[PDB]
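*Asks:* The structure under discussion is supplied below as structure tokens; questions concerning it will follow.
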Amino acid sequence: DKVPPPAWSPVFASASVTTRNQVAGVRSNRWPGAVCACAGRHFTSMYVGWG
Amino acid sequence: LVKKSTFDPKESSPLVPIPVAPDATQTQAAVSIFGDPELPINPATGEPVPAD
Amino acid sequence: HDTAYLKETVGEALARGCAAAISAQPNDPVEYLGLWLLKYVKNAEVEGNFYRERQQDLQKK
Amino acid sequence: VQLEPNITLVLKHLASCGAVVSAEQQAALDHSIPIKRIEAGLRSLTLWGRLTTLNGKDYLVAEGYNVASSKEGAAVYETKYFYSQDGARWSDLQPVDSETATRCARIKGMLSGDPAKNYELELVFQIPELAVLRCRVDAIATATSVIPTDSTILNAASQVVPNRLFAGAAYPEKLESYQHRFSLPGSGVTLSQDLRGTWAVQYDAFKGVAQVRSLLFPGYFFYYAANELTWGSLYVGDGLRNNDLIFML
Amino acid sequence: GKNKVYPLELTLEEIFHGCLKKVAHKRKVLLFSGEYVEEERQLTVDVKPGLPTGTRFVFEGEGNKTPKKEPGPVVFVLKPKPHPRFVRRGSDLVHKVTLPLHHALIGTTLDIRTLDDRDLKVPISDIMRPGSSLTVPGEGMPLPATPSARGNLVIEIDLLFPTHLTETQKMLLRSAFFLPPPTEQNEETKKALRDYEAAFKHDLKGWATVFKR
Amino acid sequence: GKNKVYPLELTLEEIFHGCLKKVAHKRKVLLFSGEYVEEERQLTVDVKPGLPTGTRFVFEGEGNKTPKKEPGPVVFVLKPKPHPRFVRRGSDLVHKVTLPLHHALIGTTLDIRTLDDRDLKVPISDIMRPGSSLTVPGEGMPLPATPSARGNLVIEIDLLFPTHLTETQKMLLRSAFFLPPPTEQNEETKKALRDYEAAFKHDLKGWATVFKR
Numbered sequence: 358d359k360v361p362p363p364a365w366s367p368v369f370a371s372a373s374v375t376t377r378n379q380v381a382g383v384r385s386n387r388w389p390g391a392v393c394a395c396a397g398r399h400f401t402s403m404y405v406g407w408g
Numbered sequence: 053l054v055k056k057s058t059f060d061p062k063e064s065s066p067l068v069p070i071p072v073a074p075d076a077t078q079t080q081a082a083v084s085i086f087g088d089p090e091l092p093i094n095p096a097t098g099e100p101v102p103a104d
Numbered sequence: 008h009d010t011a012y013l014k015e016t017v018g019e020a021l022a023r024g025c026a027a028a029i030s031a032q033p034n035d036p037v038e039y040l041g042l043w044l045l046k047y048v049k050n051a052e053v054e055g056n057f058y059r060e061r062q063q064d065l066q067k068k
Numbered sequence: 002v003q004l005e006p007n008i009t010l011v012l013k014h015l016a017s018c019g020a021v022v023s024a025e026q027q028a029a030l031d032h033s034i035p036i037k038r039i040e041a042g043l044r045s046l047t048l049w050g051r052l053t054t055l056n057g058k059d060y061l062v063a064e065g066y067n068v069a070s071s072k073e074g075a076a077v078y079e080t081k082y083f084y085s086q087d088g089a090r091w092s093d094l095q096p097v098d099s100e101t102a103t104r105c106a107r108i109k110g111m112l113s114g115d116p117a118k119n120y121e122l123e143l144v145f146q147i148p149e150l151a152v153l154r155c156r157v158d159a160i161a162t163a164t165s166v167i168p169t170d171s172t173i174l175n176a177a178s179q180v181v182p183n184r185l186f187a188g189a190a191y192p193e194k195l196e197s198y199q200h201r202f203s204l205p206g207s208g209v210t211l212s213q214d215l216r217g218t219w220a221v222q223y224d225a226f227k228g229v230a231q232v233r234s235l236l237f238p239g240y241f242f243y244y245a246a247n248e249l250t251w252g253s254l255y256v257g258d259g260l261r262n263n264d265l266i267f268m269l
Numbered sequence: 134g135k136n137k138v139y140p141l142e143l144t145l146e147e148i149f150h151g152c153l154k155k156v157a158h159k160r161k162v163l164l165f166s167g168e169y170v171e172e173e174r175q176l177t178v179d180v181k182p183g184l185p186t187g188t189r190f191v192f193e194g195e196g197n198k199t200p201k202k203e204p205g206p207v208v209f210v211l212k213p214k215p216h217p218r219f220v221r222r223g224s225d226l227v228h229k230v231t232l233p234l235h236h237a238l239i240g241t242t243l244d245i246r247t248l249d250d251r252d253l254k255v256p257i258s259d260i261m262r263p264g265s266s267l268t269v270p271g272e273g274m275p276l277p278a279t280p281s282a283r284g285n286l287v288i289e290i291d292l293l294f295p296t297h298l299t300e301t302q303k304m305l306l307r308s309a310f311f312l313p314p315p316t317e318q319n320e321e322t323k324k325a326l327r328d329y330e331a332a333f334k335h336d337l338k339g340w341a342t343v344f345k346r
Numbered sequence: 134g135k136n137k138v139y140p141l142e143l144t145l146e147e148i149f150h151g152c153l154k155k156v157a158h159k160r161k162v163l164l165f166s167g168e169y170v171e172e173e174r175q176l177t178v179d180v181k182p183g184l185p186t187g188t189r190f191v192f193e194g195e196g197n198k199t200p201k202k203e204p205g206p207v208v209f210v211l212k213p214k215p216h217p218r219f220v221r222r223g224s225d226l227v228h229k230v231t232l233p234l235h236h237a238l239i240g241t242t243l244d245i246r247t248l249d250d251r252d253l254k255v256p257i258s259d260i261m262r263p264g265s266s267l268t269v270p271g272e273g274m275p276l277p278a279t280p281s282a283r284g285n286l287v288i289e290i291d292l293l294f295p296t297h298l299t300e301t302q303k304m305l306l307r308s309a310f311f312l313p314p315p316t317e318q319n320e321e322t323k324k325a326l327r328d329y330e331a332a333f334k335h336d337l338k339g340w341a342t343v344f345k346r
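As you go down the protein sequences, you meet chains IA, Hx, Hi, IF, IU and Ia in turn. Its first residue numbered 358, the first sequence is counted upward by one per residue in the deposited numbering. Its first residue numbered 53, the second sequence is counted upward by one per residue in the deposited numbering. Its first residue numbered 8, the third sequence is counted upward by one per residue in the deposited numbering. Letter by letter, the fourth sequence follows residues 2 to 123, 143 to 269 in the deposited numbering. Its first residue numbered 134, the fifth sequence is counted upward by one per residue in the deposited numbering. Its first residue numbered 134, the sixth sequence is counted upward by one per residue in the deposited numbering.
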């Protein structure tokens with residue numbers, strides 16, 4: 358494609374969008390394995406995979 | 053060699069085969085709680101059926 | 008003559024097929040006998056094929 | 002000694018390698034795998050892997066075969082592939098013809114989410149994303165599908181069946197104890213016959229768990245428990261290929 | 134000289150699997166009496182899987198027997214009974230399905246029940262054109278020549294367009310049909326789309342998920 | 134009893150208005166010489182407005198003249214030349230136009246130039262179905278019987294579906310194809326729609342109207 362892929366692709370935790378308490382974060386595209394998540398006031402980042 | 057040399061005259065059985073499968077009504081109901089069921093489309097008019 | 012031609016050509020194979028039809032007791036012996044003869048020539052050639060394949064695998068190993 | 006790898010054991014043993022699935026997707030997987038197995042008339046159906054997409058809706062791919070026989074010296078499995086954004090409902094993955102099988106390998110970059118996306122390639145050629153997805157799964161399966169050696173045996177009528185008396189593979193750390201699925205039991209073709217530096221094996225001798233990772237395809241993992249005979253594989257990550265292997269090593 | 138042809142009706146399932154049909158024949162032997170003498174004769178016809186339509190089965194020696202001339206053979210012609218889902222064409226099957234417009238564009242999975250006891254859920258590969266079709270290999274009638282190969286099931290797509298559309302619905306359609314490429318959208322456009330999607334997929338006040346009544 | 138049949142090619146404009154064609158005929162008379170001698174004759178044929186295709190014009194006494202028998206008539210058959218826009222189907226014209234998908238749903242106005250030098254703009258009345266058509270009464274070929282009444286121009290619609298759609302474009306399409314009726318929308322829904330519309334039609338940073346590059 359002629360459209361460059363943007364970094365920080367979204368990641369979800371539920372197929373349905375009406376779940377009450379679902380976590381949601383982002384996942385980096387430049388570095389595969391780095392993920393950031395946040396549930397209300399509790400957020401955390403972590404990177405697992407090849408460097 | 054005996055196994056390979058056995059005659060097997062496979063003939064057309066008069067009855068169509070029927071499948072032996074356990075009932076899946078219970079399991080199908082459990083699956084339906086996952087995901088959002090899309091609103092069915094009225095065959096008469098392509099607009100979706102009324103909903104709440 | 009004709010009897011000698013029939014005996015030495017298809018005499019043995021037909022007798023075996025008739026014996027199989029007697030024991031099996033199918034719903035259509037003529038078709039059963041015909042398919043039996045077609046299988047009769049088919050299993051003979053694959054029997055040689057089977058022996059060749061087994062010999063080849065041992066030599067390769 | 003097993004006849005089919007468990008979905009739970011594969012997810013449990015590969016959690017360290019990042020091969021994990023969402024908890025709700027895991028719950029949906031348990032219910033919907035038997036449903037699809039009966040609906041498709043298959044005697045075997047297990048999760049093959051998970052592919053990352055530009056959207057959060059990743060592709061969950063599960064393969065299944067009904068018959069498996071020896072054909073021209075290659076163990077041919079009539080595999081059927083299915084994909085599903087979520088663990089509830091599965092769709093089919095049709096085979097790709099040769100002409101589009103060569104024009105799909107030139108398309109790179111991690112896939113999008115909607116399977117109704119058409120890539121344009123050079143006059144312009146239109147190719148569906150599902151065709152591209154099928155290509156990558158086939159390529160990975162050809163290069164990475166690995167099972168322990170002697171785990172399959174040939175019965176009469178030339179069919180490959182699981183070895184019910186498989187006692188396990190001695191020296192699980194050595195690469196000679198693992199072989200490709202499409203390798204005949206008689207042939208001594210193993211993963212050692214592949215490239216020297218494309219397979220990495222880390223064996224936990226105490227716990228008796230051997231782990232195999234593919235360096236040519238970085239997203240492929242395979243475990244083999246030795247104390248209890250249980251082996252499984254799962255591909256997690258994008259389906260792209262690692263070309264410059266000589267520089268990395 | 135003269136032969137009697139009899140239509141023979143089978144279902145698509147029998148042709149797919151291979152039936153062994155039994156048929157009763159009324160043979161009229163003609164004699165000096167004004168009325169004829171009739172008898173019921175049973176015949177076994179073996180239809181093999183995937184036989185083409187129009188196959189003729191002929192039984193030599195059976196038929197109405199005039200006193201002098203030996204009766205001519207009776208002819209059985211194969212024709213398939215109508216099926217609610219599949220109509221056969223050549224060696225494969227045709228499945229005509231009416232499809233909603235939004236299913237064509239966004240893309241969904243067509244769910245069909247095969248003649249064999251298997252259930253297929255074929256996805257919509259791309260934007261189905263009006264009058265286009267989707268082909269699934271190896272899902273039709275078995276080849277009469279070889280009992281292993283199969284034809285490719287053909288799904289003739291028919292589009293069901295919505296009957297009504299509001300002015301606000303058309304406005305949303307126009308915006309979606311002229312959206313700039315993602316490498317051209319402004320920051321206001323990106324924020325506006327994010328706000329609309331969040332307010333469209335709202336768990337309580339959003340209309341993304343609704344329950345039918 | 135042989136006759137000479139010669140095709141006559143006319144444009145749709147000539148048949149619509151009524152032309153007066155002058156044709157040249159090469160008549161051969163056989164003499165004592167080994168080779169023949171021929172002459173060119175001028176024939177005036179008057180085609181009436183809206184004559185049906187296949188009309189036969191016969192000129193009695195015109196044709197190759199054998200020494201004994203009086204020459205048979207020469208036959209002229211009327212056939213129309215291909216036209217870039219219209220193809221006639223009986224008493225009325227047929228126009229095949231490729232239509233964009235968003236033109237079909239939202240509704241636009243087609244542009245058609247008639248055989249008469251009058252431009253025509255016909256609005257799209259509703260959701261054009263795939264394979265449907267539109268009819269404009271009184272815009273067809275003149276009736277051969279009466280020189281005032283005409284047929285009705287028929288537009289044959291072949292939809293042109295978009296080739297690529299992004300995930301965000303599909304999301305907007307789903308929201309447009311499942312919008313609740315205006316008597317059911319929430320207050321949040323009405324606010325969200327008003328916000329999105331004001332941003333899509335933004336005078337400086339909206340994509341409602343743009344200039345082609």
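Note that the Cβ used here is the ideal one computed from N, Cα and C, for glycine as well.
So is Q302/IU buried or exposed if we call it buried at 16+ other beta carbons inside 10 Å?
*Replies:* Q302/IU should be labelled buried.
*Asks:* Less than 8 Å between C-beta atoms, sequence neighbours within five positions excluded: which residues of the same chain meet that for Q175/IU?
*Replies:* Correct list, in chain order: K155, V156, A157, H158.
*Asks:* So, with DSSP's three-state summary, where would you put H235/IU?
*Replies:* It is helical.
*Asks:* Please report whether the beta-carbon of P100/Hx lies at a distance below 8 Å from any beta-carbon of chain Ia.
*Replies:* At least one chain Ia Cβ lies under 8 Å of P100/Hx.
*Asks:* Going by Cα to Cα distance, which pick from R90/IF, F145/IF, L112/IF is closest to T103/IF?
*Replies:* Taking only the C-alpha atoms, the option nearest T103/IF is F145/IF.
*Asks:* Who are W251/IF's beta bridge partners in DSSP?
*Replies:* Answer by DSSP bridge pairing, in chain order: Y244/IF.
*Asks:* Secondary structure at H399/IA, three-state DSSP: helix, strand or coil?
*Replies:* Looking at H399/IA - three-state DSSP - the assignment turns out to be strand.
*Asks:* Rounded to whole angstroms, what's the CA-CA distance from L143/Ia to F190/Ia? Just pull it up for me.
*Replies:* Going by the C-alpha atoms only, they are around 14 Å apart.
*Asks:* Enumerated in chain order, which unbroken segments of the beta strand (DSSP E) with a length of 3 residues or greater are wholly contained in the region 268–338 of chain IU?
*Replies:* Correct list: 286–293.
*Asks:* Counting only beta-carbon atoms, is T77/Hx nearer than 8 Å to chain IF?
*Replies:* With 8 Å as the cut-off, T77/Hx does not count as an interface residue toward chain IF.
*Asks:* Determine the closest residue to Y66/IF out of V180/IF, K58/IF, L30/IF, with distance taken between C-alpha atoms.
*Replies:* Measuring from the Cα of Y66/IF, the nearest candidate turns out to be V180/IF.
*Asks:* Please compile the residues from chain IA whose C-beta is within a distance smaller than 7 Å of the C-beta of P315/IU.
*Replies:* Those within 7 Å of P315/IU in chain IA are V360.
*Asks:* Rounding to the nearest angstrom, what Cα-Cα distance links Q27/IF and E73/IF in this structure?
*Replies:* Going by the C-alpha atoms only, they are around 39 Å apart.
*Asks:* If you draw a straight line from the C-alpha of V221/IF to the C-alpha of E193/IF, how long is it?
*Replies:* Cα-Cα distance, rounded: 6 Å.
*Asks:* Who are the near neighbours of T169/IF in its chain, counting only those whose CB is closer than 7 Å to its CB and skipping five residues on each side?
*Replies:* Excluding residues within five positions, the ones whose Cβ falls inside 7 Å are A189, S197, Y198, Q199, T210.
*Asks:* Interface residues of chain IA around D87/IF at Cβ under 8 Å?
*Replies:* Near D87/IF (Cβ distances below 8 Å), the residues of chain IA are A372.
*Asks:* Would you decide whether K58/IF is buried or exposed? Buried here means 16 or more other CB atoms lie within 10 Å of its CB.
*Replies:* Looking at its Cβ environment, which holds 16 or more other Cβ atoms inside 10 Å, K58/IF is buried.
*Asks:* Between the region 252–270 of chain Ia and the region 288–301 of chain Ia, can you find at least three pairs of beta-carbon atoms closer than 8 Å?
*Replies:* At 8 Å Cβ cutoff, the stretches touch.
*Asks:* So with CB distances below 7 Å, who are the chain IU contacts of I93/Hx?
*Replies:* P233, listed in chain order.
*Asks:* Compute the beta-carbon to beta-carbon distance between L53/Hx and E54/Hi, rounded to the nearest angstrom, for a pair I have assumed lies under 8 Å.
*Replies:* Going by Cβ atoms, the distance from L53/Hx to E54/Hi rounds to 6 Å, so yes, they are a contact pair.
*Asks:* Report all residues from its chain with a CB closer than 7 Å to the CB of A394/IA; omit the five preceding and five following residues, and keep chain order.
*Replies:* If we look at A394/IA and ignore the five residues flanking it on each side, its Cβ neighbours are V380, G382, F400, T401.
*Asks:* Check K68/Hi in the structure and name its three-state DSSP category.
*Replies:* Coil, per DSSP.
*Asks:* I want to see whether chain Hx comes within less than 8 Å of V37/Hi, judged by CB atoms only; does it?
*Replies:* Judged by the 8 Å Cβ criterion, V37/Hi is not in contact with chain Hx.
*Asks:* Among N197/IU, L163/IU, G151/IU, which one has its Cα closest to the Cα of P182/IU?
*Replies:* Comparing Cα-Cα distances from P182/IU to each of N197/IU, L163/IU, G151/IU, the minimum goes to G151/IU.
*Asks:* Can you check whether the C-beta of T375/IA is within less than 8 Å of a C-beta belonging to chain IU?
*Replies:* Judged by the 8 Å Cβ criterion, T375/IA is in contact with chain IU.
*Asks:* Pick out whichever of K214/IU, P204/IU, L141/IU has its Cα sitting closest to the Cα of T188/IU.
*Replies:* Checking every option, the nearest Cα to that of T188/IU belongs to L141/IU.
*Asks:* Is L10/IF closer than 8 Å to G252/IF when the C-beta atoms are compared?
*Replies:* Closer than 8 Å, so yes.
*Asks:* Could you spell out the range, first to last residue, of the beta strand (DSSP E) harbouring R51/IF?
*Replies:* Note, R51/IF: beta strand (DSSP E), 47–52.
*Asks:* Helix, strand or coil: how does DSSP classify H8/Hi here?
*Replies:* Coil.
*Asks:* Hey, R160/IU and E195/IU are a contact pair by Cβ (cut 8 Å); roughly how many whole angstroms apart?
*Replies:* Yes, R160/IU and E195/IU are in contact; Cβ-Cβ is about 6 Å, under 8 Å.
*Asks:* At 3 residues or longer, and completely inside the region 38–106 of chain IF: list those beta strand (DSSP E) runs for me, N to C.
*Replies:* Runs of the beta strand (DSSP E) inside the region 38–106 of chain IF: 47–52, 60–72, 75–85, 92–94.
*Asks:* On the three-state DSSP scale, how would you describe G24/Hi?
*Replies:* DSSP places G24/Hi in helix when its eight states are reduced to three.
*Asks:* Run down chain IF in chain order and give the residues with a C-beta less than 9 Å from the C-beta of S166/IU.
*Replies:* In chain order: nothing, as chain IF lies at least about 60 Å away.
*Asks:* Under 8 Å, Cβ to Cβ, is there at least one residue of chain IA near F59/Hx?
*Replies:* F59/Hx does not count as touching chain IA.
*Asks:* Buried or exposed: which applies to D179/Ia, given that a residue is buried once 16 or more other Cβ atoms fall within 10 Å of its Cβ?
*Replies:* Exposed: under 16 other Cβ atoms inside 10 Å.
*Asks:* In angstroms with no decimal places, state the Cα-to-Cα distance between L312/IU and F294/Ia.
*Replies:* Distance between the alpha carbons of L312/IU and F294/Ia is about 16 Å.
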